[PDB]
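Architecture and fold: a report
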Amino acid sequence: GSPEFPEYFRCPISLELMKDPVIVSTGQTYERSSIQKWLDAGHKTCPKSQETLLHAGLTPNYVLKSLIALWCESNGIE
């Protein structure tokens, strides 16, 4: 029983959790402030195993916001 999950709720970036979650190639959905922080730096690899995103384009994924927004409501996480 551990609250460990890559997506859906908290970001694996720094356990900040996401509000507006952004999808990128490779199918990652993390918070823009965490992902685009390093993607903008010129890198395009996932934080999991460094799966090269190849095409670095930020596609806003609205599926997760209502979910993550639910979890940071349970615990004030950021």
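All residue numbers are counted from 1 along each chain's written sequence and may depart from the entry's numbering; residues that have no coordinates are not represented. Neither water nor hydrogens contribute to the side-chain values; these are computed over all heavy atoms in the structure.

For the protein chain, the PDB entry supplies the name armadillo repeat containing protein and the organism Arabidopsis thaliana. Per the PDB record, the entry is named "NMR solution structure of the U box domain from AtPUB14, an armadillo repeat containing protein from Arabidopsis thaliana".

1. Overview of the environment of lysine 44
Labels follow the DSSP assignment, with helices taken as runs of H or I lasting at least four residues and strands as runs of E lasting at least two, numbered in each case from the N terminus. Following the sequence through the fold, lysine 44 ends up in the loop between α1 (32-39) and β3 (59-60). Residues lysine 44 and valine 24, spaced 20 residues apart in sequence, show a C-alpha to C-alpha distance of 9.4 Å. Distance and chemistry together define a polar contact, namely a pair of N or O atoms within 3.5 Å, with one atom able to donate a hydrogen and the other to accept it when in protein, and with adjacent residues in sequence counting only for side-chain atoms on both sides. There is a polar contact of 2.9 Å between the side chain of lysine 44 and the backbone oxygen of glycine 42.

2. Things to note about the pattern of salt bridges
Two side chains of opposite charge can pair, provided their charged atoms sit close to one another. Salt bridges are counted wherever a side-chain nitrogen of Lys or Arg sits within 4 Å of a carboxyl oxygen of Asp or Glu. Enumeration according to the criterion identifies four salt bridges in this entry. A salt bridge links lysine 19 to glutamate 31, with the nearest nitrogen and oxygen atoms 2.7 Å apart. Here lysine 19 is found in the segment before β1 (21-24), whereas its partner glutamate 31 is found in strand β2 (residues 28-31), with twelve residues between them in sequence. Residues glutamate 51 and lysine 48 are paired through a salt bridge, measuring 3.0 Å at the closest nitrogen-oxygen approach. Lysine 48 sits in the partly exposed class, given a relative accessible area of 42%. Residues joined in a network through salt bridges with shared partners are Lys19, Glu31 and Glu78. Categorising residues by exposure relies on relative accessible area from a 1.4 Å probe, with only protein chains included: less than 20% of the type maximum marks a residue as buried, more than 50% marks it as exposed, and the intermediate range marks it as partly exposed.

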